[PDB]
Asks: 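Take this structure first; my questions come after.
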Amino acid sequence: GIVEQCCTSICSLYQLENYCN
Amino acid sequence: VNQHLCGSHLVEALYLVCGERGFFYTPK
Ligand SMILES: [Cl-]
Ligand SMILES: [Zn+2]
């Protein structure tokens, strides 16, 4: 998930917007 | 790579990025 994707490697604001509601 | 320490940074960044739309945080 986002832990998998954003903790090993740095997610941008762009990538993180994907998890919004 | 501590998901727990990392997780708390992520919930804070999702609060800024998502703002008003909100989000679900399932640690999943
Ligand atoms: Cl930390
Ligand atoms: Zn920290």
Side-chain angles (χ1 to χ4, degrees):
Chain A
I2 184 180
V3 161
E4 210 221 320
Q5 162 168 324
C6 300
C7 291
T8 102
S9 315
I10 297 135
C11 295
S12 77
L13 178 167
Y14 300 113
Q15 271 151 314
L16 288 163
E17 221 164 33
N18 310 332
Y19 308 105
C20 304
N21 255 181
Chain B
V1 46
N2 189 337
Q3 78 130 228
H4 186 58
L5 290 203
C6 178
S8 101
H9 285 290
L10 295 177
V11 298
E12 197 159 320
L14 285 184
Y15 155 88
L16 297 154
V17 168
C18 305
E20 336 288 312
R21 267 140 92 201
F23 62 102
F24 283 69
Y25 183 92
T26 354
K28 222 102 191 133

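As the structure lists them, so they are numbered: ligands from 1, and atoms in each ligand from 1. Reminder, nothing fancy here: chain letters follow the sequence lines and each chain counts from 1.
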Asks: Just verifying a value: how many Å separate B:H4 NE2 and A:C7 SG, rounded to the nearest 0.5 Å?
Replies: 11.5 Å

Asks: For the Zn ion (ligand 2), check which protein N, O or S atoms are under 2.8 Å away and list them.
Replies: B:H9 NE2

Asks: Apart from A:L13 itself, what residues make up its hydrophobic cluster when side-chain heavy atoms of I, L, V, M, F, W and Y under 4.5 Å apart count as a link, directly or indirectly?
Replies: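 Grouped by the 4.5 Å side-chain rule, A:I2, A:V3, A:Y14, A:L16, A:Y19, B:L10, B:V11, B:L14, B:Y15, B:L16, B:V17, B:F23, B:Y25 form the rest of the cluster around A:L13.
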
Asks: Does the SG of A:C11 lie under 2.5 Å from the SG of A:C6?
Replies: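 Yes, disulfide present: SG-SG under 2.5 Å.
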
Asks: Where is the tightest heavy-atom contact between A:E17 and B:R21, given as atom of each residue plus distance?
Replies: O-NH2, 3.5 Å

Asks: So, B:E12 side chain and B:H9 main chain: donor-acceptor pair closer than 3.5 Å or not?
Replies: no

